[PDB]
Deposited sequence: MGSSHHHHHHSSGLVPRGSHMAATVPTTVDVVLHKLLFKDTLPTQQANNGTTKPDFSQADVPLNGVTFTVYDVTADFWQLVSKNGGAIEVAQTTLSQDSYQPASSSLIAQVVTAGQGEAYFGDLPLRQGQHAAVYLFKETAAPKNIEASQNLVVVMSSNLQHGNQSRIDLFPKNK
């Protein structure tokens, strides 16, 4: 379907302090417009914008929710065919844990930027290992 790198696969791994944790719901949101608006305002501070959009304060637009996926196999949450671009802009995605069994410690939110390397089609899969 693609003659040029158009999409990437993102697998989030929920492990314990060597221990996979299956049945944990991760939700992926498109934060592309808000992300580049924040970076353009702050003067090119990418890390600062990743940290700001990773906060529990930030309430994404309800129409930004792309997919909701449960951890299976080796604590893997598979997000296939995430667009590299949202319009003319490199895509940026927020990954939140929105549901977990009881006694499963909560994971940190992750803001991922579809950087030059990914736009160029060098990686078919991104493997994320969230802390917390």
item	value
Missing segments of the deposited chain sequence, listed N- to C-terminal	1-21, 39-59, 175
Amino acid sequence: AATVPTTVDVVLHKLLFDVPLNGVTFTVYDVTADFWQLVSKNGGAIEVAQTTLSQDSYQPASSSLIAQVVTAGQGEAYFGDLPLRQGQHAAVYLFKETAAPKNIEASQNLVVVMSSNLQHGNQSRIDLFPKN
From here on, numbers count along this sequence of modelled residues.
| item | value |
| --- | --- |
| Average Cα temperature factor in the PDB entry - higher stretch of 28-36, 51-59 | 51-59 |
| Third assignment of residue 122 from its chain's C-alpha B-factors | highest |
| Entry-reported Cα temperature factor of residue 100, expressed as the chain third it lands in | highest |
| Modelled-residue ranking by C-alpha temperature factor, third containing residue 44 | middle |
